[PDB]
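Form deposited in one PDB entry, single chain, as C-alpha cells, below.
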C-alpha cells in the first residue's frame, strides 16, 4: 500500500508488539521500503524476504530473527542494528555498519561491497559467510567462511579466503590503504586476514601470497612506517612464518625498515612491538652482528623485550649469547658477579627477581667503558622514581672494574651511556624548583602560594603591600647578604650531591634559570605589579645570578650582558627597569645558549 500506509503499520506494529504475531501481520515481503527510517523499532522475526530497503535508516533497529532474504540495502544506515540469527542470504549490502551485530546470521552469497565503519566493526561471530563478498577491515572473529572451492582467484579486484571473497574495488585504488593496522584499522585487509579462525590458516597463506603480488616495489619505496610495521606484525607470525615465499618477500623490506628504526631510536627508550615486528628486529640483529654494537641501546632493549616474549624467548637468548662472545663484552662476562655467578659466563635466564647481572651495555664513545646491570634496575633507570638507585650497576673500563664514585655520573651518562642521560637529568630537574622552595619557605601557606604559581603564567596574588614585604623580608633575610646570597645558603644549594656532581658549566646554567625563576615571580604578571616588584625577590634573583657568574662566567657570554643584568636588577647607573622585561632578557638568553637546561629547569607554564 501507500508509503505512509506501509510505514504507519510498522511503527505501530513496533509500539504494540506481542511476539506471537501472525504471518499475514508480519508479511512485508516484496515491499518497497526505500527511503524510510525505522530507527530503533522492534522488527524481530518479521519477514521482508525480497524487499527493498535502499537508503533507509535502521539504526538501533531490532531485525533479530528477521528474514530479509534477497533483500537490497544500498546506501542504508545499519549502525547498531541487531541481526542475530537473521536471514540475509544473497543480500546487497552497501552501507554503514557500525557495531552492526550479525552473530549467527545467514550471510551466504551476500555482498558487502561499498560498506564501511569508522571505529567499531560489525560482529560476525558464527555467522555464515560462505560465498559472500566481504571487504577489507571486516573482522572475521569466529566467522564461517565456508570450504575452499577455487584455490586462487581470477578476478584482479578479488582475493579468495576460504569460501568467500575479499573485494578490492573500493580501496581508493591504492593497495597501501589496506595495509595499515595502526591508523587505518577500519580499512585493513591484514586485520581481515588475521582475525579469521585457525581452521582457515592454509587459506590465510594463500591470500597472503596473492596480496603481495598486488604490492609494487614502488609502493614500498617510501618510509611507510605504519605500513611496514603492519606487514612485519601480520606476516612474521604463524601460519605465515613457515612460508618460504612470504618470508623472502619480507626480508629486504624489514631489513630496511628496522635499520631505520634501530638507528633513529638509538639512545632513546625503544617503542613497543607486536610479536611479528619484534621477531623481525631480532632477525635483523642476527643478519648484522655489527648492529649489536653500533646501535647498542636499541639492541639491548630489543633483546630484553624479545627474551621475555612467549614464543621467541629461546631465539632471543641465543641472539644475546652471541653478543656475549663479542670482543668488548666478553671480559664483562668473566666477572664473578655476571649472570649465573658460576663461571659459565652465561646469563641467568630463570630469575623471577630480575636482579641477575645479565645485561651489558657498551660505551657510546671510544673509551672502553662498559656497564653491567639487572633488568630490574635498568627498567627502573629508564623510568625513574624519587626512590630510584643510580649506582646499582657495575662499571668497567677496558674490562677492569671501576669505582663509580670516582666518576661524575652526569658525565658518565651524557658521554658514555646517553640512554640514561635524559631520564637521569629529568628526574633531578623536575622537583628542583619546589625543592628550592622547601629550603626557603617554612610557612606552608606562603610556600603553597609560590608552588601553585608555578602552574600558571599570571597571578592575581600580589606581594607589594607593607605587611607583604615584611613577611618576605623575614623569610629571605636568613638567606641574603645585601644583594648577594649568604655563604651558608650557597652551601645548602650547591651542596645537593647530584648537583655537586654535575659539571660546573651545568650548575651555572641551572643557577641562571633559577635567577630567571625569581625575577619572574617578582614581575608584574606574577607577584609584582606594573608599578612595583617586591625587592626581596629581586635581591634573591640577583644573588643567584652572581653565583652563576662565579660558578662559570662563560654562561653569560660576555661580561657586558652580565653587567647589563646586574644594572637592571640593582638599579645601577640610574637604570630602572621592570622585571617583566628583565625576565624575557634572561629567558631569551637561556633558550639560545642552553635550551636543554632551560627546558628542564625553567617551569613549563612560564615559557
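Numbering follows the first chain given and starts at 1. Between two forms, the rigid core is the largest collection of C-alphas that superpose within 1.5 Å.
The same protein also has a form deposited in another entry, omitted here; what follows describes it.
- Compared between this form and the one not shown on the core, the listed residues 466, 400, 327, 173 keep their C-alpha shifts below 2 Å, save 466.
- After superposition on the rigid core, the Cα of residue 27 moves by less than 2 Å between this form and the one not shown.
- For residue 448, the Cα coordinates differ by 2 angstroms or more between this form and the one not shown after the core has been superposed.
- Residue 75 is not among the residues whose C-alpha shifts by 2 Å or more between this form and the one not shown once the rigid core is aligned; its shift stays under 2 Å.
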